[PDB]
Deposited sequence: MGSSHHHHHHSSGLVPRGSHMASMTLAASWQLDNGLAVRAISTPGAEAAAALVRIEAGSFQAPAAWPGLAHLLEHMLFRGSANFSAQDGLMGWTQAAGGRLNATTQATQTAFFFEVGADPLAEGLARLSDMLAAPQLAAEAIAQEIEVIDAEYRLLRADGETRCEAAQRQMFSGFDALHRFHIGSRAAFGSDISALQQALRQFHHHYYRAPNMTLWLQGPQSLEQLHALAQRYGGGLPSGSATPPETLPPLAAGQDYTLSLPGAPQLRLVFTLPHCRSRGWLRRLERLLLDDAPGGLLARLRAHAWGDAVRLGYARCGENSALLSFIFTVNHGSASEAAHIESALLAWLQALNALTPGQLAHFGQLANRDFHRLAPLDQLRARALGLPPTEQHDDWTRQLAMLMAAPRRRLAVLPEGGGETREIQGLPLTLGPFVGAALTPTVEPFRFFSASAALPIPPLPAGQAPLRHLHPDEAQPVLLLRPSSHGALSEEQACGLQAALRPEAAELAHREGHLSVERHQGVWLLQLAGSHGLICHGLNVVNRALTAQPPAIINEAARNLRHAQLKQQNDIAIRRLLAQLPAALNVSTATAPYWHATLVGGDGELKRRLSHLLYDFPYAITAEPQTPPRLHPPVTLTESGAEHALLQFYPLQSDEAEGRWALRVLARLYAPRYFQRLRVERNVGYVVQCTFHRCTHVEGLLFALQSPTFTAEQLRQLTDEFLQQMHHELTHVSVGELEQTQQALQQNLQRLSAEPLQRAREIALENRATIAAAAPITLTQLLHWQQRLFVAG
């Protein structure tokens, strides 16, 4: 027995903390305190969506969402949450779904009260000015014309067509000039009645997440949540027909199960993490090995208080009938396999799934809690969930370029629906297998040869190896897809051992990234050399299907995103290697193992771009790069961006309705920093958009002289506060050290308006 008498002084860990409340008005509150965090975020969810709009007002809810950003009893639209977030360099978005609606933002810690002040106000007392309604009728009709051509929007309408239950399921919900009406006065009282009936506190939930303490978060809830007003069932979905949908693009198989909507939905996040696992033995490895398919994602959509659709969305290869039957047969057997997961496997994959979640940004964590997949809990009723789903009614949507039927107006969208030509399911008897025990990491042999290696922040912890091609074009598009296909099994294995391996584009720059312990990078780099040398023909084929899918996906994007895709190639055989962290002996063993990397490793040693599109949509992407390498410039470009961005949006989006995409931002692309302008319009031509951007630049030429030195100091403090702090997670942190060089920049701060005005004109005149 212990020989101690008095306990040693003890200091608590200071971890994440949660708390739940119900205000006296009926608002539910969920606070999450994350000490030390950079960002704070908030989200209000309302229990009403599209399905709750009156049958006579299609898209009423969509319109209400737009209009809440158009001014409230204590804030005009500019001083409201939209304009305040933009000045602040925050994030902000909202979503109207079938049965629920949500509004949410992300800012720095301190200005949280001001943000909730405005979120609370727009939710409680929107102006709903007839004049604003008139404007947003046009904005939605534009979004409606654009949505008539969107693959996902039409896929989701098609999926709902596979089920029945109630009228709203198959209604039009986007809205349109036709549907909103000529009587702007009767539209505005429909809005007021919807808002008055559903935007009550007993019908809302507020999530709060920031570095603030639970006590500070409670007070903000009481203060801003207390100022919301105080004061009906859908039947469940029944399975109908399978279908085929004809759409341009890579073919899909979407298996859609109709499920009850349970309170405990974290199991679905663990299911997602297993479904998306690339490891050998899993579902994706099997589909690729047989060239049945290449990717999957999970859709979950609540359709009512006790009714939901869960959709497994496969990108497939041939789109043939026997392909679909093999895929569905594989999914049902894999779901069976998941019954055998041991407690340790459920915990391992469950907490793997939750750390994918904790790595999202606050805004996106709150989104997932409110409308997406919650965090996993280790004592859910896993096998009871599994048995619910495998028995749930399920229908199949094949999406194909040629599919049959003729186009038809369904839910206000053009849907070409034809019968599903299915083959018989053939039992999948081959066993699936999943990670369980992690063995000791092999110790690779070192080559005698040796390649050059940059080593930064030596002998610091959490080492990261970054391998990148010399330039844009030193690695081809088809080679990347070959890299990703071959390393995908192995990166999955490394993720269980807590290593990271990825091959991804980061701001136009292909990076191979390797991180973990010292053993992990050594073993992993060895695995990379072998996986990429003798490439079996499955993986060449898969790489060719992935590239085809990537091309088809691009041709079917909206033009402004397609123009952004085209920016890297408009701005422009050896690789470079940089190790960030780790000791000297790590640097040297990696030096040897890099010699067996299949590509030679060498040691590391633009005028404005205008892109346009014409036709059914008009788009302008203007990139004004900074020619210099100076610290004072790259600082000024960021201060300029921050001052320009809210002005650009307010002038061209809210005042004049130039189009649905309106954005001026700082952007880095293939190591070139510069200012980005983006516009896409249904009416104005690309050249008309370039004219209005030039007009905005001329405006800024004379307006920034007059910026209150109050506004400038607050802007240069705010951006030095965002920027001096390197990232937490070491992959983002390793790029910021090796590539972006955030450190050297807040160095040149602050500066005078004379120096800023100087950098302005150097940037936007020839």
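K.L.:
Which segments of the deposited sequence lack C-alpha coordinates in the modelled structure, numbering from residue 1?
P.N.:
No C-alpha for residues 1-9, 241-245, 587-592, 626-631, 793.
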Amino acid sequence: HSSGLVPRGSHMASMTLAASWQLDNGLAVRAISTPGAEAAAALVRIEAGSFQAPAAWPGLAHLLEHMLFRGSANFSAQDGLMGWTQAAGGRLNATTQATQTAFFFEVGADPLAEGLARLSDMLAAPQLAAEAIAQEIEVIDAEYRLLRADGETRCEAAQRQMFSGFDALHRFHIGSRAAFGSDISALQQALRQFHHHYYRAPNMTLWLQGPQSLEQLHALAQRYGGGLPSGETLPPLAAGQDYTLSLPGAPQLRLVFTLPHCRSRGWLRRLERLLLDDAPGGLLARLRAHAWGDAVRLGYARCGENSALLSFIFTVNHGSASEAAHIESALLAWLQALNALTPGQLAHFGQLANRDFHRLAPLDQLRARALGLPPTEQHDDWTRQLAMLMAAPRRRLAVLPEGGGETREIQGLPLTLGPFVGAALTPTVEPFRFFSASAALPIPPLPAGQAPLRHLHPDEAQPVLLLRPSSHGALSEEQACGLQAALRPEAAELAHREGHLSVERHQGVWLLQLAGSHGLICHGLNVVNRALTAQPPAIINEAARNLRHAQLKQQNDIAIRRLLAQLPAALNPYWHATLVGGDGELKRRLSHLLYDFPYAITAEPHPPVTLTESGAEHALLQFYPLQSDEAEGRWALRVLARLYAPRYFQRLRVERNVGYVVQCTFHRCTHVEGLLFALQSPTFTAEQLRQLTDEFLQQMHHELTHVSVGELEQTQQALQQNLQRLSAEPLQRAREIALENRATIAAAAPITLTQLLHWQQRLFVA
From here on, numbers count along this sequence of modelled residues.
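K.L.:
If you average the CA temperature factors as listed in the entry, which stretch comes out higher, 250-258 or 516-524?
P.N.:
Comparing 516-524 with 250-258, the higher mean C-alpha B-factor belongs to 516-524.
K.L.:
Compare the mean C-alpha B-factor of 46-54 with that of 707-715 as given in the PDB entry, and name the stretch with the higher value.
P.N.:
Mean B over CA atoms: larger for 707-715.
K.L.:
Among 627, 96, 222, 212, where is the Cα temperature factor highest, going by the PDB entry?
P.N.:
That would be 627.
K.L.:
Among 448, 124, 413, 387, single out the one with the highest C-alpha B factor in the record, please.
P.N.:
It is 448.
K.L.:
Looking at the temperature factor on the CA atom of residue 614, which third of the chain's modelled residues does it land in?
P.N.:
Highest third - that is where residue 614 ends up once the chain's C-alpha B-factors are sorted.
K.L.:
Can you tell me whether residue 16 has a C-alpha B-factor in the lowest, middle or highest third compared with the other modelled residues of the same chain?
P.N.:
Ranked within chain, residue 16 CA B lands in the middle tercile.
K.L.:
Could you say whether, by C-alpha temperature factor, residue 277 belongs to the lowest, middle or highest third of its chain?
P.N.:
Tercile = lowest for this residue's CA B-factor.
K.L.:
According to the PDB entry, is the CA B factor of residue 149 in the bottom, middle or top third of its chain, that is, lowest, middle or highest?
P.N.:
Tercile = lowest for this residue's CA B-factor.
K.L.:
With respect to C-alpha B-factor, does residue 575 fall in the lowest, middle or highest third of the chain as deposited?
P.N.:
For residue 575, the deposited C-alpha B-factor lands in the highest third.
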